[PDB]
Structure formats: C-alpha cells, structure tokens
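Quick notes on the structure that follows.
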Amino acid sequence: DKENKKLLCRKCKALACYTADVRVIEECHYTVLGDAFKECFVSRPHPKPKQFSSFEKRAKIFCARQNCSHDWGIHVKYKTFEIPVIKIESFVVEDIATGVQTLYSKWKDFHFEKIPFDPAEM
Amino acid sequence: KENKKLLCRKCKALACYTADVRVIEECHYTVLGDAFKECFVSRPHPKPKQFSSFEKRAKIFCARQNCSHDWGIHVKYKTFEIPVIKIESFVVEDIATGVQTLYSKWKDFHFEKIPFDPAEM
RNA sequence: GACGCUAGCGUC
RNA sequence: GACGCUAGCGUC
Ligand SMILES: [Zn+2]
Ligand SMILES: [Zn+2]
C-alpha cells in the first residue's frame with residue numbers, strides 16, 4: 001500500500017508521525033519533517049557518539065511519554081541540519097483507511113511512498 | 001525439483017544430497033544413508049533436552065579434523081538415533097550449474113521435501 | 001533442531 | 001541509524 005499510514009509507539013501506541021512526512025536519506029535512513037513530531041520524542045546526549053557516512057550521531061531519542069521512554073532511534077547532524085533518525089522496529093504501522101496494523105522489523109519490508117529527503121523543504 | 005549438493009560451509013567438504021533428505025514433522029530435517037555417517041562426528045549434547053518427539057542426545061560436527069564445524073544435533077526419534085541438521089552450517093550447490101546458495105532457515109530452501117518414513121531404509 | 005529474547009561486539 | 005558477528009537466554 002502506498003496509502004498514507006500512521007506510526008504508533010510500539011510500546012504505548014501513542015501517535016508519532018505519518019508516512020506523508022517521512023523522508024529518506026541515502027535510500028537507507030529515515031527522518032520525519034515538521035515540528036509536531038519534535039514534541040513526540042525526547043533526546044539525551046548519546047552515551048557513545050560516533051561519525052559514520054554522512055551523519056554525526058549526537059543523541060538517542062525516546063518516546064516523550066515519561067511512562068514509556070521507548071527507544072525510537074538517534075538524533076544526528078546531517079549536512080547543515082540536526083534531524084532525528086528512526087527505526088521501524090519501535091513502531092506499529094497503522095493503515096488510516098482500514099486500521100490494519102503491521103509490525104515491521106526492517107524498513108526494507110515496509111513498502112510505502114518513499115519521498116527522498118529534500119533540503120529545500122527545510 | 002533438481003538435485004543439489006550440501007557442502008560444509010566452513011571447509012566446503014561434501015556432506016549429502018537433497019535426494020537423501022527427509023523431513024520430520026515438516027520442521028526438522030534428517031539425512032538417510034550410510035555415506036553420511038562417515039561425514040560427521042558426535043559429542044554428547046551440553047544441554048540434553050526432550051522436545052516434541054525428540055531426545056536431544058548429541059551435537060554433530062564436520063568429521064574433518066581441521067574443521068569440526070557445528071552441523072546440528074543427534075536425537076532419539078521413536079526407535080531411531082538420527083541426525084538433525086541446520087542449513088546455516090552448509091552451502092547449497094546446484095549440480096548442473098555449480099551455483100552456490102547460502103540459506104539461513106529451511107523455510108527459504110525450496111526443493112522436493114520428501115516426508116520421513118520409518119519404513120523407508 | 002525449530003523458535004523466541006536479551007546482552008554486548010564489530011562495520012560505514 | 002543501517003548492517004554484520006558473537007555469546008548466552010527462553011519455548012516445544
Ligand atoms: Zn511510547
Ligand atoms: Zn567442514
């Protein structure tokens with residue numbers, strides 16, 4: 001399905017983002033656009049920051065719900081931007097039209113409309 | 001479908017053929033024939049366990065001394081002491097072409113899976 | 001053996 | 001984050 005879909009925290013089922021705001025960096029990593037998502041996660045300086053490829057691993061990000069704090073991914077410095085990078089294993093994908101939920105472990109198995117990251121959008 | 005060879009993934013020594021492979025409970029895989037018994041050695045299992053219709057009695061390893069790659073287990077099934085192998089320990093070679101394939105789980109290997117028959121040899 | 005989990009470890 | 005490896009752990 002290329003239809004729009006929701007991402008919920010796999011632990012607490014809180015809404016995180018929608019597939020329409022997802023951008024793909026280097027056909028491998030996934031980020032979310034908009035400020036509404038920044039409220040849904042909290043970050044902490046990474047216990048072991050690293051530089052790889054085109055990223056600066058600076059922080060870990062977690063579900064903002066203090067009762068949850070589920071690991072969602074990392075926060076990196078990419079080019080001139082500081083953006084979050086998420087892993088799908090921390091989320092449940094819900095089809096908006098039908099409500100069907102899907103548990104992915106790797107992004108290669110989630111087939112949705114993947115918009116390439118565009119710097120001009122930010 | 002076509003017959004294929006299984007080589008030890010570490011030392012590439014031939015172990016068996018898909019014709020001699022039988023399936024137990026559509027989940028476990030054993031090898032028929034006496035040629036295969038020359039290809040593995042056994043060692044009593046560190047954590048013996050009974051599960052389903054199996055008594056986990058030993059681990060099995062490649063008989064080549066410079067290899068001894070872990071190949072699976074050896075179990076007591078019904079009235080038989082038979083080996084049970086895991087595909088991750090082997091590389092599958094096609095007979096006609098020599099194309100090699102590395103499988104990690106049996107569910108991804110598609111061939112004519114003949115069910116184990118206690119009457120069959 | 002099938003499968004599940006955790007934990008580190010390494011790579012760009 | 002993506003991938004790889006290891007090591008145990010749990011289930012029949
Ligand atoms: Zn949550
Ligand atoms: Zn060997």
Side-chain angles (χ1 to χ4, degrees), chain A residues 7 10-11 16-17 22-32 37 41 43-63 70-79 81-91 103-110 114 117, chain B residues 6 9-10 15-16 21-31 36 40 42-61 69-78 80-90 102-109 113 115-116:
Chain A
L7 263 70
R10 194 175 289 206
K11 190 163 149 181
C17 78
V22 180
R23 302 288 177 271
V24 196
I25 294 130
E26 274 134 41
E27 283 230 304
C28 177
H29 310 281
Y30 294 78
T31 195
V32 189
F37 179 66
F41 76 87
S43 317
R44 337 198 157 246
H46 211 286
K48 253 150 190 53
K50 188 96 158 311
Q51 201 281 322
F52 55 84
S53 318
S54 322
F55 288 166
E56 271 176 47
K57 211 206 271 193
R58 303 201 162 164
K60 291 219 280 193
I61 62 168
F62 309 87
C63 176
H70 188 51
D71 192 354
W72 283 7
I74 59 174
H75 202 272
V76 301
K77 169 86 181 273
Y78 173 55
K79 300 200 168 151
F81 322 94
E82 307 221 33
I83 57 177
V85 185
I86 47 156
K87 51 183 180 185
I88 196 62
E89 73 159 11
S90 290
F91 299 95
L103 308 177
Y104 299 100
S105 185
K106 307 182 189 180
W107 282 103
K108 65 175 178 68
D109 305 308
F110 187 14
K114 303 184 172 177
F117 179 77
Chain B
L6 269 74
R9 193 175 288 204
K10 191 166 145 181
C16 84
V21 181
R22 304 289 181 268
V23 195
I24 294 194
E25 280 151 355
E26 276 148 21
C27 175
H28 307 290
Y29 295 75
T30 192
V31 193
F36 183 63
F40 81 92
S42 86
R43 263 201 191 221
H45 204 282
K47 40 166 208 213
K49 183 70 163 63
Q50 203 284 331
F51 55 76
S52 195
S53 317
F54 285 170
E55 225 195 58
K56 215 201 275 190
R57 302 210 144 157
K59 284 221 207 135
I60 63 166
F61 308 87
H69 193 50
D70 188 348
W71 280 9
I73 60 180
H74 203 268
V75 301
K76 175 59 151 182
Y77 172 63
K78 290 182 165 184
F80 314 96
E81 313 267 354
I82 54 176
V84 194
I85 49 160
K86 50 182 183 187
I87 191 63
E88 69 165 9
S89 295
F90 301 94
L102 307 177
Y103 299 98
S104 175
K105 305 193 187 343
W106 283 103
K107 61 120 174 135
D108 298 310
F109 192 10
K113 301 183 172 171
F116 177 81

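Quick note on labels: first sequence line is chain A, next is B, and so on, each numbered from 1. Note that these values count all heavy atoms, side chains included, but never hydrogens, waters or copies made by symmetry.
Following rounding to the nearest Å, B:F116 (CZ) and C:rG1 (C1') show an atom-to-atom distance of 15 Å.
By the salt bridge (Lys or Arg N to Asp or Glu O under 4.0 Å) test, B:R22 pairs with B:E120, sequence neighbours left out. For the ring pair (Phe, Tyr, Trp, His ring centres under 6.0 Å) test, residues two or more places apart in sequence or in another chain that qualify with B:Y29 are B:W106. Residues satisfying the ring pair (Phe, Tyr, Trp, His ring centres under 6.0 Å) test with A:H75, not counting sequence neighbours, are none. For A:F37, the ring pair (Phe, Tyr, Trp, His ring centres under 6.0 Å) partners two or more places apart in sequence, or in a different chain, are A:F41. B:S53 meets the side chain to side chain contact (heavy atoms under 4.5 Å, CB included) test with B:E25, B:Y77; sequence neighbours excluded. Contacts of A:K60 classified as side chain to side chain contact (heavy atoms under 4.5 Å, CB included), with partners at least two apart in sequence or in another chain: A:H46, A:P47, A:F62, A:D71.
Counting heavy atoms from C-beta outward, B:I24 and B:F54 have side chains that approach closer than 4.5 Å.
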Just distance, no hydrogens or angles: give the donor-acceptor pairs under 3.5 Å from side chains in residues 80-88 of chain B, sequence neighbours left out.
{"unit_1": "B:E81", "atom_1": "OE2", "unit_2": "B:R57", "atom_2": "NH1", "d": "2.9"}
{"unit_1": "B:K86", "atom_1": "NZ", "unit_2": "B:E88", "atom_2": "OE2", "d": "3.4"}

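When base pairs are accepted only as Watson-Crick or G-U wobble with both N-N or N-O distances under 3.5 Å, RNA chain D takes part in stems of 3 or more pairs at C:1-7 with D:6-12, C:9-12 with D:1-4.
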Worksheet item: Could you run down nucleotides 2-12 of chain C 5' to 3' and tag each one B, S or - for protein heavy-atom contact under 4.0 Å?
Response: SS--------B
